[PDB]
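# A closer look at the structure
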Amino acid sequence: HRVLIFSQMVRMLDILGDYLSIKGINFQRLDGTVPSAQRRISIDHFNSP
DNA sequence: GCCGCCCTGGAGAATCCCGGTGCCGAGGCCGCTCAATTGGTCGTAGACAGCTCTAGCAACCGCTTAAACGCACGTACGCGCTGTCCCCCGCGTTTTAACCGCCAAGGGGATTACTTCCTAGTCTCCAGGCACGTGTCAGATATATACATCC
């Protein structure tokens, strides 16, 4: 299964991103700072078979 | 034999040190004396509590778009060097007025004490000016419709 993790603060999302970076898990991120082109890129990267 | 010249010793006067006594600056003491202290009373300034409504704040979003930023070029200006000349500085000499010490009388102004009265504080009562909200009204603006006209 694949998992989404929703959060209210993007700094907590940065904390989980660093946790997965040292942990070494292929992760993707989405927040308000990401522009819509990279949003489309990340959604197509996540939804690919 | 008589007179003139060189060498050396003790007593008179100048100076340093110490003690007694008189004068300047400052502190202890005394006397007045007025303002700080103490004690009591009372009114009210402010602390506290309570309710209502509005602004701020942390952290996030999304969109727009104009400002910020980076880079390349070019050229204008800051800066350094050199010349030049002129004007300010240093010094010697002469003048002159600031400074200090003097009249000569008179008014201005600071105090001390006293008298008086006008005016501003305080209190009570009242009313109208200021703040807020609203109905209404005339000027400004936009369009509806009818008449003259060019192609």
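Per-chain numbering applies: from 1 upward along each written sequence, possibly unlike the entry's numbering, with residues missing coordinates excluded. Throughout, the order in which chains and ligands are written sets their labels, letters from A for the former and numbers from 1 for the latter. Part of a larger assembly is shown; the reported values describe that part exclusively. Working from all heavy atoms in the structure, the side-chain values ignore hydrogens and water.

Per the deposited record, cryo-EM is how this structure was determined, to a resolution of 2.61 Å.

## Some points on the overall build of chain A
For the purposes of this entry, the term helix denotes a DSSP run of H or I that reaches at least four residues, the term strand denotes a run of E that reaches at least two, and both are numbered from the N terminus. When helices and strands are counted, chain A shows two helices and zero strands. Expressed as lengths along the three principal axes of its C-alpha atoms, the size of chain A is roughly 25 × 25 × 15 Å. Under the scheme applied here, a residue whose accessible area is under 20% of the maximum for its type counts as buried, over 50% as exposed, and between as partly exposed, the area being computed with a 1.4 Å probe on protein chains only. With 49 residues in all, chain A has 12% of them scored as buried. For every accessible area listed, the method is Shrake-Rupley and the probe measures 1.4 Å; residues are considered covered only by the protein chains on display. Within the structure as shown, chain A displays about 4800 Å² of accessible surface, and the carbon and sulfur contribution to it stands at 59%. Residues scored as charged are limited to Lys and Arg (positive) and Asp and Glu (negative), so that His and the chain ends carry no count. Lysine's charge is taken at NZ, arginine's at CZ, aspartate's at CG and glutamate's at CD. Side chains of chain A give 6 positive and 4 negative charges; the mean places of these two sets differ by 4 Å.

## Things to note about the protein's contact with DNA strand B
We call a residue near a molecule or strand as soon as one heavy atom of that residue lies within 4 Å of the molecule or strand. As a matter of local geometry, DNA strand B sits amid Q8, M9, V10, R11, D31, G32 and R39. Separating a phosphate oxygen of DNA strand B from a backbone N or O atom of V10 is a distance of 2.8 Å. Between a phosphate oxygen of DNA strand B and a main-chain N or O atom of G32, the distance comes to 2.6 Å. Classifying every residue of the surface near DNA strand B gives two nonpolar, two polar and three charged. Within 3.5 Å is the distance limit for a polar contact, defined as a pair of N or O atoms, with the added protein rule that one can donate a hydrogen and the other accept it, and that residues adjacent in sequence qualify only through two side-chain atoms. For this scheme, ten residues count as nonpolar: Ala, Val, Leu, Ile, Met, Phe, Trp, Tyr, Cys and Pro. Four count as charged, namely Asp, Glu, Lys and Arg, and the remainder, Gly too, count as polar.

## Some details on the packing of aromatic side chains
Each aromatic pair joins two rings of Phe, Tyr and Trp (for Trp, the six-membered one) with centres within 6.5 Å, and gets the label stacked for planes under 30 degrees apart, edge-to-face for over 60, and tilted for any other angle. Tallied over the full model, the rule gives zero aromatic pairs. In this structure, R2 packs its charged tip against the face of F46, placed 3.7 Å from the ring centre. Here, a charge over a ring means that NZ of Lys or CZ of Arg falls within 6 Å of the ring centre while also lying within 35 degrees of the ring normal.

## Here's the deal with helix α1 (residues 10-23)
How far a helix is expected to stretch is found by multiplying one less than its residue total by 1.5 Å. The terminal C-alpha atoms of α1, which comprises 14 residues, lie 19 Å apart, in line with the 20 Å expected from a rise of 1.5 Å per residue. Along α1, the residues classified as buried are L13, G17 and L20. Angularly, the buried residues of α1 cover 65 degrees about the axis, an arc narrow enough to put them on a single face. Opposite the buried face of α1, at more than 90 degrees from it, the exposed residues are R11, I15, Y19 and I22. Downstream of α1 by one or two residues, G24 has phi in the positive range, about 90 degrees. The arc in question is the one traced by the directions running from the helix axis out to the C-beta atoms.

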